[PDB]
Ligand SMILES: Nc1ncnc2c1ncn2[C@@H]1O[C@H](CSCc2cc(/C=C/CO)cc(C(=O)O)c2)[C@@H](O)[C@H]1O
Ligand SMILES: [Zn+2]
Ligand SMILES: [Zn+2]
């Protein structure tokens with residue numbers, strides 16, 4: 001494991017091509033723990049490693065980039081992941097976050113409520129989600145595709161992700177959704193990324209890199225989640241904090257990626273290829289407006 | 001005329017021997033930065049830690065109004081550099097200290113202007 005100096009490990013392509021049956025996740029290093037730098041929270045370390053890995057992909061990075069972060073609160077009422085995202089993203093990037101429970105944040109705007117209440121007028125260049133419901137960790141019931149916030153996330157990607165944009169959505173052994181895996185085939189590239197600091201967990205970030213707005217490949221999400229678990233079950237990942245100690249190249253590169261408005265009819269193969277290379281964002285460039293629906297009763 | 005004075009209350013709570021506010025969000029960084037007090041990205045030097053600003057603001061953390069007419073917060077959305085010797089209580093530090101309006105450093109913890 002020269003993997004130990006990486007920020008984490010991405011699911012190798014050959015595992016994506018299998019047709020495994022779903023098994024229980026049994027991680028060799030379950031209950032091992034990385035030694036974090038003095039005073040650093042797991043959530044800061046985890047998001048730092050996610051961003052270090054995203055630095056290796058062909059992300060579109062326009063001027064006035066727009067990023068939205070779901071599940072950004074903590075039981076301590078602060079937003080460590082948002083703080084890392086704001087560190088990583090170019091100065092001036094508009095960052096919105098949200099959580100079911102109240103918290104204070106460094107984001108430009110924060111919405112409190114169930115994610116299903118969140119609406120935005122504009123499209124986004126990057127969607128991050130850490131949402132997770134610990135009730136799903138029921139080892140005594142069958143492990144089926146979950147709905148809940150995953151239904152919202154799938155619709156939100158299809159309706160409010162700019163072509164060319166990317167996503168990183170947290171999943172676990174039991175917190176997953178088949179349509180979300182299916183949606184990964186609507187990106188130019190996808191993976192399941194495991195942070196080295198949290199490699200003792202079945203957590204991963206499902207990353208869709210450069211959205212194309214149509215199926216590039218047909219993915220059966222029940223099969224692919226089984227493939228993911230098979231990978232994790234047969235490839236122990238050594239816990240590691242090494243990458244946290246070198247932050248000299250951390251900030252996301254300002255690429256000034258072009259932003260254009262185009263109607264579905266003008267998305268030709270040449271456009272699709274620019275999207276695939278991280279060289280184009282398709283959306284409007286109007287004001288960013290958001291809201292949370294409030295249910296009124298007695 | 002009545003106003004809650006949270007700054008005073010926290011100072012008094014600390015002198016009473018109270019445990020400082022915890023869970024301020026400490027960032028990973030190079031620790032080769034400018035050392036200025038409040039910055040758009042982490043700027044800790046070798047003698048400092050950098051923290052997410054909102055998490056180090058007494059008013060943000062206590063869910064109370066900020067003490068100025070339009071309720072603006074100087075820390076939220078920024079990073080605050082705290083001397084490592086004081087990083088056990090970032091909120092107390094930011095409350096009790098002042099930023100030199102010329103050099104951007106903390107008075108008494110980096111400001112050279114009065115030499
Ligand atoms: N539909 C929805 N809309 C909007 N935000 C939603 C949401 N669903 C969940 N979130 C939020 O996701 C964030 C990260 S989940 C962090 C977490 C919490 C617990 C709590 C245990 C209760 O004792 C356990 C673990 C663990 O790792 O075991 C992790 C939480 O801040 C949730 O509020
Ligand atoms: Zn504040
Ligand atoms: Zn000065």
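Count begins at 1; order follows the chain as displayed.
Going by what the header records, the deposited coordinates were determined by X-ray crystallography, 1.9 Å.
Positions of Cβ are set from backbone N, Cα and C atoms, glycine also.
Per Swiss-Prot, the feature Zn(2+) 7 binding site maps to B:57, B:60, B:66, B:73. The annotation Zn(2+) 8 binding site is assigned in Swiss-Prot to B:100, B:103, B:111, B:113 on the grounds of sequence analysis.
Features per Swiss-Prot, on structure.
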| residue | record | DSSP class |
| --- | --- | --- |
| B:57 | Zn(2+) 7 binding site | coil |
| B:66 | Zn(2+) 7 binding site | coil |
| B:73 | Zn(2+) 7 binding site | coil |
| B:100 | Zn(2+) 8 binding site | coil |
| B:111 | Zn(2+) 8 binding site | coil |
> Judged by the number of other CB atoms within 10 angstroms, which among B:60, B:73, B:100, B:103, B:113 is the least packed of the binding-site residues?
Replying inline: B:113
> Taking the binding-site residues one at a time (B:57, B:111), which has its Cβ surrounded by the most other Cβ atoms within 10 Å?
Replying inline: B:57
> Are there binding-site residues in B:60, B:100, B:103, B:111, B:113 whose CB lies under 8 Å from a CB of chain A, and which ones?
Replying inline: B:60
> Can you list which of these binding-site residues (B:57, B:100, B:111, B:113) have a Cβ closer than 6 Å to ligand 2?
Replying inline: B:57
>> Restricting to the chain of residue B:66 (Zn(2+) 7 binding site) and a gap of 6 or more, list residues whose Cβ falls under 8 Å of its Cβ, or answer none.
In response: B:59, B:72, B:73
> Hey, how far is residue B:57 (Zn(2+) 7 binding site) from residue B:103 (Zn(2+) 8 binding site), Cα to Cα, in Å?
Replying inline: 22
> Can you list which of the binding-site residues B:57, B:60, B:66 have their Cβ under 6 Å from some atom of ligand 3?
Replying inline: none
> Rounded to a whole number, how many Å is the Cα of residue B:100 (Zn(2+) 8 binding site) away from the Cα of residue B:60 (Zn(2+) 7 binding site)?
Replying inline: 23
>> What does the structure give for the C-alpha distance between residue B:103 (Zn(2+) 8 binding site) and residue B:60 (Zn(2+) 7 binding site)? Integer Å is fine.
In response: 26
> Where residue B:60 (Zn(2+) 7 binding site) and residue B:111 (Zn(2+) 8 binding site) are concerned, what is their Cα separation in Å, rounded?
Replying inline: 27
>> Cβ within 8 Å of the Zn(2+) 8 site centroid (B:100, B:103, B:111, B:113 excluded): which residues?
In response: B:101, B:102, B:104, B:105, B:107, B:110, B:112, B:114
